[PDB]
């Protein structure tokens, strides 16, 4: 292995995928896992198995941590508190913005540099260009390791505050859960009349959602300008579709629990006298 050394801490599904990709691109790859047996498949394709946290940290300057949660990351760090000096830690362990900031503070106090990353991909997609990985933390630190990290996917630096990658990650997941709420309600409705989901989804729902997804750029601009529009696809107009959806759902025996919240928000805005505004107005309503 002729390329710059990397150590990977955590050899679950994701850490295994990261280590595999580093090895495939010729990096000297040292691996560590709390349960040491998980290293064996990687040893078989050229990984070096570190017997301790301390020796994994010593083997490389770039130390990737991909464990379960922030508590587990802290447990790893605290096991060898002098091992991190002059190292760059890239923490790809999911958590809150606060978790990233707290971990960074510890790392900085122990002589390490620290970047947080959020992997927007499943393990199988690591190493593909479609795998987006968000990163945040000091720009100069990121600059030093971004070429090595680019083996994993498309690097997307989102700023200096170390908690920002996690915020972007969780924002994207929130978007996905809305999409899945819509899928669930739509498919329940057609399934309630014995319509197969696959044909409906492939030929009607996906094309419709694709068209409506493009509308989001205009909404985003309105959010930024704090100018929610007048007439058109107003909230007054949306509030006219809602009773049909609710009544049809009730008649088909489909619960409205997943869609009722946005309908209640729309109705609140109408009742405040702002029915002429559009959907961009809803963002400020859920903010503090």
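Residue numbers count along the first chain shown, from 1.
For the two regions 113-121 and 140-148, the entry's Cα B-factors average higher over 140-148. Across the two stretches, 162-170 and 149-157, the PDB entry reports the greater mean Cα temperature factor for 149-157.
Compared with the other modelled residues of the chain, the Cα B-factor recorded for residue 91 ranks in the lowest third. The PDB entry assigns residue 2 a C-alpha temperature factor belonging to the highest third of its chain's modelled residues. In this PDB entry, the Cα temperature factor of residue 249 sits in the bottom third of its chain's modelled residues, the lowest group. Among all modelled residues in this chain, the alpha-carbon of residue 223 has a temperature factor (C-alpha) in the middle third. The PDB entry assigns residue 79 a C-alpha temperature factor belonging to the highest third of its chain's modelled residues.
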